[PDB]
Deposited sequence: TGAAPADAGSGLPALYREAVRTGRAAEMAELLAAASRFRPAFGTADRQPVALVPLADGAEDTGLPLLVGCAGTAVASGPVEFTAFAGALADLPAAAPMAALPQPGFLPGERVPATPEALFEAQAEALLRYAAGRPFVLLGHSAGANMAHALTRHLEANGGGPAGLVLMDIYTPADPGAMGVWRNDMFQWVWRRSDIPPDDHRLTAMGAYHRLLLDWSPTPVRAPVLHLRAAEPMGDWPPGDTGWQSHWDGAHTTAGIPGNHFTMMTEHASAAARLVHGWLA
């Protein structure tokens, strides 16, 4: 019936805005996931290329896998990389993008086509150097899956850093806060292209499950809830059984990797090698 008549758009962005204004992020995410079925997609035979984006320069290569939100891309690491740079003996860093958010890239048809494409960029960028993968929010899901694929094919990273991971199919607090997230990722920045990419990766991440990896895991989790939590406990918190190290980072699900990315850089640094 109309939450903000002043808005004069009509595409998916306007429909997106009207979803978040009326508390229907879940309904909208499904819409976007169904929409991505009509985006051309690349498969393993004709993989579109992927280029890692340099981020900074005894430690292994650090590789940040971009998230799958509209706000996501290499940019999301730049505070972390900048804080990482001015550290003594700091690792060199790169960034793995998720293809399709930029024009006019295809999304993957399958996870195998994605990880085959990201894995060839990765090994070409790293040479024989050991690497450690990292990712935050949905980028944490994306980095664990790439890990699965690397290890399954006889390779792998030296360790896996997973900042504030949740299960998309079992969202816990991240479902309760879904509309709150959709709010943030817009303002942080969104066209139809980026929005259907988010839809396609959301479809990918409905088949995701919290399965083990060989690589030692570092699990960073925010100190503050991003939304409100009526139960009043820390039941909202990200979890990872069998993590080598679990470490709290000040800030919330997002501000841990902006206003407080300095502390994450320091703890990552003290954990490597």
item	value
Stretches with no C-alpha atoms in the model, relative to the deposited sequence starting at 1	58-62, 195-197
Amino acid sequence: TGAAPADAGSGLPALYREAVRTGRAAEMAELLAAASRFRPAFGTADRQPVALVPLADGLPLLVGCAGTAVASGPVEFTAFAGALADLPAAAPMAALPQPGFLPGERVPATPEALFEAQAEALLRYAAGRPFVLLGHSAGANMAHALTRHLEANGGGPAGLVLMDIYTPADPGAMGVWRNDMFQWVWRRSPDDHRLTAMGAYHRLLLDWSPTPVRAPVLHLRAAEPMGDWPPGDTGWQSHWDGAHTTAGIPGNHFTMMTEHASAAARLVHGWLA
From here on, numbers count along this sequence of modelled residues.
property: Mean temperature factor over C-alpha atoms, higher-scoring stretch between 84-92 and 98-106; result: 84-92
property: Entry-level comparison of average CA B-factors, 243-251 and 40-48, reporting the higher stretch; result: 40-48
property: From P171, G139, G155, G159, residue of greatest CA B-factor; result: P171
property: Options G235, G67, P225, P210 - largest CA temperature factor per the record; result: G235
property: Cα B factor band for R203 (lowest, middle or highest third within the chain); result: middle
property: Lowest, middle or highest third - CA B-factor, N179; result: highest
property: Chain-wide C-alpha B factor ranking for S189, given as lowest, middle or highest third; result: highest
property: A79 - Cα temperature factor, lowest/middle/highest third of chain; result: middle
property: Third of chain Cα B-factors occupied by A273; result: highest
